[PDB]
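*Asks:* Take this structure first; my questions come after.
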Protein chains: 2
Amino acid sequence: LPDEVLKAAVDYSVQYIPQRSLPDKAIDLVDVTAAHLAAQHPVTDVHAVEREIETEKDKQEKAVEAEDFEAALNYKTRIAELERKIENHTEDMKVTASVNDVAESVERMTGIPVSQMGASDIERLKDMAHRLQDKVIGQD
Amino acid sequence: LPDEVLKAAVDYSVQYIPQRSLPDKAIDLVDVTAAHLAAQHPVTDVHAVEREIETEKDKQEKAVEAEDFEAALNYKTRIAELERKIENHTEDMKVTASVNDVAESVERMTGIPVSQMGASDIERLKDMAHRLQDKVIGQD
């Protein structure tokens, strides 16, 4: 969550939050951002290796009771590799929103068509009046 | 306890046992024979290796808890040799009386000077009379 995301979490959102709860709205945007970014990796089969380890460890415990330590060492050898495989899955699951994607979160869960924005402290002040009359039927 | 010892346990001993308990006297002679033959090997330090095994096994149990199975295998390797050393001590402790030594047991725990014997069913019948007069003072 770099600085431009933290700033965008309030500087972009303050325009569309009439609530007293704004100071904690930045949490909701990064929370829902991670929730939507988490749609990329909900299906990593980390447990496919863990279930293999629990099997190989269960054999290891039996190789030990039989005092078969060539077999027991071979299993500790494989599991160590298997454990390193699981821990390395984290590196394939970096969660990185663009600040534009964080700004788009403001529309996704609000339904307010504002993806065109913006640095819009002044832009809305002057253009929303013109934006209105484009849809008005009557006096200007 | 070969056949000549079993025969000697009664055939030699019947001459000097006025007891009703003769049929089980052969047990006493082979029992005391082993007791006297056991004076050759009362000091084998079989436990000197067993105490080494209990140490190496105690390390082995710790090598296993640490999952150090190069060390654990090395200890199972040494103990196996150490266990074979103990079991092979039995072969250096064969217990073999001569039938003459079994016959000498009849004197050792009785105190009756008869090592010169013998096949003496008839020898005593004829010679004990002559053996007497050699120690007599008087008429023949």
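By convention here, the chains of the structure tokens are called A, B, ... in the order presented, each chain's residues are numbered starting at 1, and ligands are numbered starting at 1 in the order presented.
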Within 8 Å of chain A, which residues of chain B show up? Give each one with its shortest atom-to-atom distance in Å (one decimal) and the two atoms involved, counting only C-alpha atoms, rows by chain then rising residue number, as JSON lines.

*Replies:*
```
{"residue": "B:64", "atom": "CA", "partner": "A:64", "partner_atom": "CA", "distance": 7.7}
{"residue": "B:67", "atom": "CA", "partner": "A:76", "partner_atom": "CA", "distance": 7.7}
{"residue": "B:68", "atom": "CA", "partner": "A:73", "partner_atom": "CA", "distance": 8.0}
{"residue": "B:69", "atom": "CA", "partner": "A:73", "partner_atom": "CA", "distance": 5.5}
{"residue": "B:70", "atom": "CA", "partner": "A:73", "partner_atom": "CA", "distance": 7.3}
{"residue": "B:72", "atom": "CA", "partner": "A:69", "partner_atom": "CA", "distance": 7.0}
{"residue": "B:73", "atom": "CA", "partner": "A:69", "partner_atom": "CA", "distance": 5.5}
{"residue": "B:76", "atom": "CA", "partner": "A:67", "partner_atom": "CA", "distance": 7.7}
```

*Asks:* When DSSP is applied to the backbone of this structure, which of chain A are assigned alpha helix (DSSP H)? Write them out as JSON, numbers by chain.

*Replies:* {"A": [3, 4, 5, 6, 7, 8, 9, 10, 11, 25, 26, 27, 28, 29, 30, 31, 32, 33, 34, 35, 36, 37, 46, 47, 48, 49, 50, 51, 52, 53, 54, 55, 56, 57, 58, 59, 60, 61, 62, 63, 64, 65, 69, 70, 71, 72, 73, 74, 75, 76, 77, 78, 79, 80, 81, 82, 83, 84, 85, 86, 87, 88, 89, 99, 100, 101, 102, 103, 104, 105, 106, 107, 108, 123, 124, 125, 126, 127, 128, 129, 130, 131, 132, 133]}

*Asks:* Within 10 Å of stretch 111-118 of chain A, counting only C-alpha atoms, which residues show up once you throw out same-chain ones fewer than 4 positions away? Write them as a list in words, please.

*Replies:*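 My list of contacting residues is residues 12, 16, 100, 101, 103, 104, 105, 106, 107, 122, 123 and 124 of chain A.
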
*Asks:* Just checking: using only C-alpha atoms, which residue out of B:120, B:82, B:14, B:77 ends up closest to residue B:48?

*Replies:*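 Counting only C-alpha atoms, the residue closest to residue B:48 is B:82.
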
*Asks:* Rank A:99, A:27, A:66, A:93 by their smallest atom-to-atom distance to residue A:39, using only C-alpha atoms, and report the top residue only.

*Replies:* A:93

*Asks:* If I take atom CA of residue B:51 and atom CA of residue B:94, how far is one from the other in Å, to one decimal?

*Replies:* 24.2 Å

*Asks:* Could you tell me how far atom CA of residue B:24 lies from atom CA of residue B:95, in Å and to one decimal?

*Replies:* 21.4 Å

*Asks:* Need the shell around residue B:36: protein/DNA/RNA residues with any atom at most 12 Å away, counting only C-alpha atoms. Skip same-chain ones fewer than 2 positions apart. Format as a ChimeraX atom specification?

*Replies:* /B:28-34,38-42,95-97,101-102,104-105,108-109

*Asks:* Quick one: of A:98, A:110, A:133, A:55, who's nearest to residue A:8, counting only C-alpha atoms?

*Replies:*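 Of the candidates, the smallest distance to residue A:8 is held by A:98.
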
*Asks:* Got a sec: who's within 12 Å of residue B:47, counting only C-alpha atoms, leaving out chain neighbours fewer than 2 positions off, as a PyMOL selection string?

*Replies:* chain B and resi 43-45+49-54+82-83+85-87+89

*Asks:* Do you have the atom CA of residue A:121-atom CA of residue A:139 distance handy?

*Replies:* 27.0 Å
